[PDB]
Every structure is written in structure tokens, then in C-alpha cells.
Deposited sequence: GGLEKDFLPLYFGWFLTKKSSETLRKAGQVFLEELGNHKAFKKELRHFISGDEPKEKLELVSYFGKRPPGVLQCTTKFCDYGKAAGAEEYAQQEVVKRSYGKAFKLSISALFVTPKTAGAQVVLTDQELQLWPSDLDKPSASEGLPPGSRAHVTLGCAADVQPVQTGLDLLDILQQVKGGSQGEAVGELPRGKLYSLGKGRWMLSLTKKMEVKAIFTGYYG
């Protein structure tokens, strides 16, 4: 009998960090929903409460996934899990840097900017999203804050990749914690003046 892998590996925020980032996310959603520029462009996306719009919020603690394994059914799962760095890092505490919050018609999330140490724990898979073309490794790294009723949480990273592609290719408001950008097609990013730092434990989730 072989051993099951986790459902996924990743960085699981401490309860305090999780609560801090959730609160920040919610404040962002309330501020964006109330912003003139958002309300004006509501056609591409009475007023909309975005906390309600993103009705599926993650359970438990917030987390940033490295490798989704599906207990070993996902491509590259065993290959990822067998790495020394993964084993050595299992249970270890990290600090994650969050540089921006974003919204799309599908998801709400936080952009994680990995250290190169943390990048050692990022997977190197054969199948990459076409939206990840020409972006630095680990660009997909995110914390999902919410999504629409008919959307899967994994969409949040795809949405992030798409936003970063737009930013790579080359400002409608000033919020207290950063500058607000309208990227078109219902996409919005808050670029934080100060990166947000959260504490997290790298480990595996089985459910």
C-alpha cells in the first residue's frame, strides 16, 4: 500500500494573519464598490455590494497553494512531493508578501510576491497556463478572498496571471492604502503603498 499525497501543499496563514488579510480584502471590496470609477463602469462587470457578489469565501484559514496534488492524481504531484526542499520545509513558518489586491467578474484575491527561497517550493510543471506566457516563475501565486457562485477558486490565479500580462504590456483613484487601477473588462487592482506581510506555515492539506 502506497501513501496518499495531500489534496494540496501550500502556505497556510496563521489565524491572526488570515483574519487580518480577510479584513483587508473586505475593506477593499467595500471601498471599490463605493468608488465613482467602479460605479460608472458597472456595465462591464442602486449599487452592487461586492462582499455579496463574491458569495463563496474560502473556509477556515486563508492559504496560498504551491502544488495541487489531488492525493496523487494531479500531474507532477509525486514529482513535487518527493523534493528535498518540500520535505525540509514541511511544517515550517514563512512570511508572505502581498503587493496588490484585485477583483474581476469571477474572483477577488491577493497577489503574492514570493521570495526566491519561497520560489524553491513553487512547482515546475509541464502544463502551464497560456496566460502565464513571459511572466516570472511564481507569478500565479495568490490568496483567494472570494469568488462568484459559479466559479472555482483556482480561477483566482488565472485571473491574476491575466492581470499581470496586462500590466506587463503597459489610475482612477487614490485609496488610503494604495492606488486604484481600472484594467478593463471588469478588472480592478489596488496597488499597495506598503506590501502586506502575513505569517504562514508551509504544509499539506488532506481534508
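According to the record, no C-alpha positions are given for deposited positions 1-3, 49-55, 181-184, numbered from 1.
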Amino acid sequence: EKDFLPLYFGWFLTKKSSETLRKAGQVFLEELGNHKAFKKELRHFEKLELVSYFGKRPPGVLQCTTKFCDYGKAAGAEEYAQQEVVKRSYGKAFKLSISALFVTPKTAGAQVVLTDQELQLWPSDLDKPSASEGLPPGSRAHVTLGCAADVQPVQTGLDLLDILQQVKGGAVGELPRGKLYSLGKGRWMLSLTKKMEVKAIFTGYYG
From here on, numbers count along this sequence of modelled residues.
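Stretch comparison (25-33 versus 62-70) by mean CA B-factor in the PDB entry places 25-33 on top. Comparing 34-42 with 53-61, the higher mean C-alpha B-factor in the PDB entry belongs to 34-42. Ranking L114, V85, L126, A110 by Cα temperature factor from the entry places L126 first. As recorded in the entry, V172 carries the highest CA temperature factor of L160, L145, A149, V172. When the modelled residues of the chain are ordered by their C-alpha B factor, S130 lands in the highest third. In this PDB entry, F4 carries a Cα temperature factor that places it within the highest third of its chain's modelled residues. Sorting the modelled residues of the chain by their CA temperature factor places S182 in the middle third.
Per the deposited record, the Cα B-factor of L48 falls in the highest third when ranked against the other modelled residues of its chain. Ranked by Cα temperature factor within the chain, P136 sits in the highest third according to the deposited record.
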